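What follows is a set of notes on a single structure, which appears directly below.
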Amino acid sequence: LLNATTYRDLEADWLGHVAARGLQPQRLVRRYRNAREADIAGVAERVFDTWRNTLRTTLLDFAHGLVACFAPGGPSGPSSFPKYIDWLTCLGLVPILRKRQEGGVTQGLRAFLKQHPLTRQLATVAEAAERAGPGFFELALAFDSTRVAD
Amino acid sequence: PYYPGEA
Amino acid sequence: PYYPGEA
């Protein structure tokens with residue numbers, strides 16, 4: 001998720017937020033009308049910091065939402081880990097059965113991504129999601145297809 | 001004014 | 001602008 005971000009769209013969103021706040025450097029300096037560099041620099045830094053914190057928590061929430069689809073289906077159902085480990089401990093062999101089909105993970109991903117408000121809210125989040133999307137679907141198909149035997 | 005986490 | 005890791 002984080003590798004797909006780009007500098008241009010993030011800068012564009014930051015500039016859009018600045019325009020929405022009406023706190024451009026020209027207006028801010030023309031309003032303050034003082035030479036106290038430390039105070040104005042701290043004000044600008046905190047203005048940026050609030051946006052940085054909000055972006056970080058938004059990305060955290062989206063990342064947890066994406067993670068929530070895969071995790072339950074790992075230890076149980078198709079492609080279970082403890083069954084793999086006890087196969088290794090008993091014999092060292094791991095029989096595996098394969099079939100190419102769509103399952104709960106793929107439908108969960110489809111029902112999750114297609115109607116998430118954060119994509120419409122932020123350009124960077126939407127572009128990162130659409131760029132990294134195919135990998136998520138391929139990983140979901142990989143999770144669904146395999147099944148360690150009983 | 002808009003913020004990333006807001007509705 | 002271009003960066004080494006970007007697409």
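Following the order of the structure tokens, chains are lettered A, B, ..., residues in each are numbered from 1, and ligands are numbered from 1.
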I'd like the neighbourhood of region 54-67 of chain A as a PDB file with C-alpha atoms, in the first residue's frame, where a residue qualifies if any of its atoms comes within 10 Å (using only C-alpha atoms), though same-chain residues fewer than 4 positions away should be ignored.
```pdb
ATOM      1  CA  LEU A   1       0.000   0.000   0.000  1.00  0.00           C
ATOM      2  CA  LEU A   2       2.691   2.511   0.986  1.00  0.00           C
ATOM      3  CA  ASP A  49       1.894  18.757  11.512  1.00  0.00           C
ATOM      4  CA  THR A  50      -1.865  18.535  12.081  1.00  0.00           C
ATOM      5  CA  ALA A  71      -6.133 -12.664   8.245  1.00  0.00           C
ATOM      6  CA  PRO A  72      -9.134 -14.819   9.339  1.00  0.00           C
ATOM      7  CA  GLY A 108     -14.653  -9.790   0.439  1.00  0.00           C
ATOM      8  CA  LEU A 109     -12.036  -7.733  -1.385  1.00  0.00           C
ATOM      9  CA  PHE A 112     -14.595  -3.833   0.478  1.00  0.00           C
ATOM     10  CA  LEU A 113     -12.653  -1.810  -2.085  1.00  0.00           C
ATOM     11  CA  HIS A 116     -14.821   2.786   0.386  1.00  0.00           C
ATOM     12  CA  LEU A 118     -11.580   7.230   1.505  1.00  0.00           C
ATOM     13  CA  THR A 119     -10.856   6.590  -2.186  1.00  0.00           C
ATOM     14  CA  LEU A 122      -8.217  11.453  -1.094  1.00  0.00           C
ATOM     15  CA  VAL A 125      -5.206   6.917  -1.436  1.00  0.00           C
ATOM     16  CA  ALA A 129      -5.299   1.483  -4.122  1.00  0.00           C
ATOM     17  CA  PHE A 136      -4.146  -7.918  -3.784  1.00  0.00           C
TER      18      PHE A 136
ATOM     19  CA  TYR B   3      -9.276  17.138   6.350  1.00  0.00           C
ATOM     20  CA  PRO B   4      -8.356  13.639   5.129  1.00  0.00           C
ATOM     21  CA  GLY B   5     -10.018  11.734   7.970  1.00  0.00           C
ATOM     22  CA  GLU B   6     -13.244  13.739   8.002  1.00  0.00           C
TER      23      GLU B   6
END
```
I need the residues of region 55-147 of chain A that end up classed as strand (DSSP E) by DSSP on the backbone, written out as an mmCIF file with N, CA and C atoms, in the first residue's frame.
```cif
data_model
loop_
_atom_site.group_PDB
_atom_site.id
_atom_site.type_symbol
_atom_site.label_atom_id
_atom_site.label_comp_id
_atom_site.auth_asym_id
_atom_site.auth_seq_id
_atom_site.Cartn_x
_atom_site.Cartn_y
_atom_site.Cartn_z
ATOM 1 N N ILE A 96 -0.770 -31.342 -1.087
ATOM 2 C CA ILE A 96 -1.463 -30.101 -1.414
ATOM 3 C C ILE A 96 -2.367 -30.350 -2.611
ATOM 4 N N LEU A 97 -3.604 -29.871 -2.524
ATOM 5 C CA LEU A 97 -4.573 -29.981 -3.604
ATOM 6 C C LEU A 97 -4.903 -28.591 -4.129
ATOM 7 N N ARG A 98 -5.002 -28.465 -5.449
ATOM 8 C CA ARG A 98 -5.156 -27.166 -6.089
ATOM 9 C C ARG A 98 -6.352 -27.156 -7.029
ATOM 10 N N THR A 146 -5.399 -22.928 -3.071
ATOM 11 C CA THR A 146 -4.758 -24.086 -2.469
ATOM 12 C C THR A 146 -5.564 -24.609 -1.285
ATOM 13 N N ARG A 147 -5.310 -25.868 -0.934
ATOM 14 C CA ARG A 147 -5.947 -26.487 0.227
ATOM 15 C C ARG A 147 -5.109 -27.677 0.662
#
```
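From CA of residue 7 (chain A) back to CA of residue 24 (chain A), the distance works out to 20.0 Å.
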Out of A:89, A:117, A:143, A:127, which residue has the shortest atom-to-atom distance to residue 104 (chain A) when counting only C-alpha atoms?
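Going through A:89, A:117, A:143, A:127 one by one, the smallest distance to residue 104 (chain A) is for A:143.
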The distance between CA of residue 8 (chain A) and CA of residue 39 (chain A) is 29.2 Å
Pull the alpha helix (DSSP H) assignments for chain A out of DSSP run on the backbone, and list those residues as number ranges by chain.
A: 7-21, 25-32, 37-70, 81-90, 104-113, 117-121, 123-145
Have a look at A:132, A:85, A:18, A:141 and name the one nearest to chain C; count only C-alpha atoms.
A:132
Work out how far CA of residue 2 (chain B) is from CA of residue 22 (chain A), in Å to one decimal.
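Interatomic distance here is 11.2 Å.
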Using 10 Å as the limit and counting only C-alpha atoms, can you tabulate each residue of chain A that touches chain C, with its shortest atom-to-atom distance in Å and the two atoms involved, as CSV?
```
residue,atom,partner,partner_atom,distance
A:3,CA,C:6,CA,8.5
A:4,CA,C:6,CA,7.8
A:5,CA,C:6,CA,8.3
A:6,CA,C:6,CA,6.8
A:7,CA,C:3,CA,8.8
A:8,CA,C:1,CA,8.3
A:131,CA,C:7,CA,9.7
```
Those same residues - N, CA, C and O atoms - I'd like them written as an mmCIF file, in the first residue's frame.
```cif
data_model
loop_
_atom_site.group_PDB
_atom_site.id
_atom_site.type_symbol
_atom_site.label_atom_id
_atom_site.label_comp_id
_atom_site.auth_asym_id
_atom_site.auth_seq_id
_atom_site.Cartn_x
_atom_site.Cartn_y
_atom_site.Cartn_z
ATOM 1 N N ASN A 3 4.052 1.694 -0.892
ATOM 2 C CA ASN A 3 4.989 1.877 -1.996
ATOM 3 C C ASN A 3 4.342 2.583 -3.183
ATOM 4 O O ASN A 3 5.042 3.215 -3.981
ATOM 5 N N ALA A 4 3.019 2.495 -3.314
ATOM 6 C CA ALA A 4 2.337 3.021 -4.490
ATOM 7 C C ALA A 4 2.112 4.526 -4.442
ATOM 8 O O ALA A 4 1.661 5.096 -5.442
ATOM 9 N N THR A 5 2.403 5.182 -3.322
ATOM 10 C CA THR A 5 2.206 6.621 -3.229
ATOM 11 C C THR A 5 3.207 7.364 -4.108
ATOM 12 O O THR A 5 4.289 6.861 -4.420
ATOM 13 N N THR A 6 2.831 8.577 -4.510
ATOM 14 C CA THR A 6 3.682 9.407 -5.350
ATOM 15 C C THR A 6 3.709 10.825 -4.797
ATOM 16 O O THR A 6 2.812 11.249 -4.065
ATOM 17 N N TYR A 7 4.767 11.553 -5.158
ATOM 18 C CA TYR A 7 4.997 12.880 -4.595
ATOM 19 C C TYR A 7 4.026 13.912 -5.159
ATOM 20 O O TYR A 7 3.550 14.790 -4.426
ATOM 21 N N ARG A 8 3.721 13.824 -6.456
ATOM 22 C CA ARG A 8 2.953 14.878 -7.116
ATOM 23 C C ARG A 8 1.540 14.986 -6.555
ATOM 24 O O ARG A 8 1.073 16.089 -6.247
ATOM 25 N N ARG A 131 -3.463 1.269 -8.080
ATOM 26 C CA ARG A 131 -2.190 0.784 -8.601
ATOM 27 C C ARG A 131 -1.791 -0.539 -7.959
ATOM 28 O O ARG A 131 -1.264 -1.428 -8.638
#
```
Would you list the contacts of residue 149 (chain A) as a short mmCIF file (atom, residue, chain, number, x, y, z; two decimals) with C-alpha atoms, in the first residue's frame, taking every protein, DNA or RNA residue within 10 Å and counting only C-alpha atoms, but skipping same-chain residues closer than 5 positions in sequence?
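Output file around.cif follows:
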```cif
data_model
loop_
_atom_site.label_atom_id
_atom_site.label_comp_id
_atom_site.auth_asym_id
_atom_site.auth_seq_id
_atom_site.Cartn_x
_atom_site.Cartn_y
_atom_site.Cartn_z
CA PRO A 78 -8.09 -23.56 2.68
CA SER A 79 -4.32 -23.25 3.15
CA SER A 80 -4.14 -23.57 6.93
CA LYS A 83 -2.09 -28.26 9.48
CA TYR A 84 1.05 -27.53 7.46
CA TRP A 87 2.27 -32.37 8.50
CA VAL A 94 2.80 -31.75 2.87
CA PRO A 95 0.23 -33.02 0.33
CA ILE A 96 -1.46 -30.10 -1.41
CA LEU A 97 -4.57 -29.98 -3.60
#
```
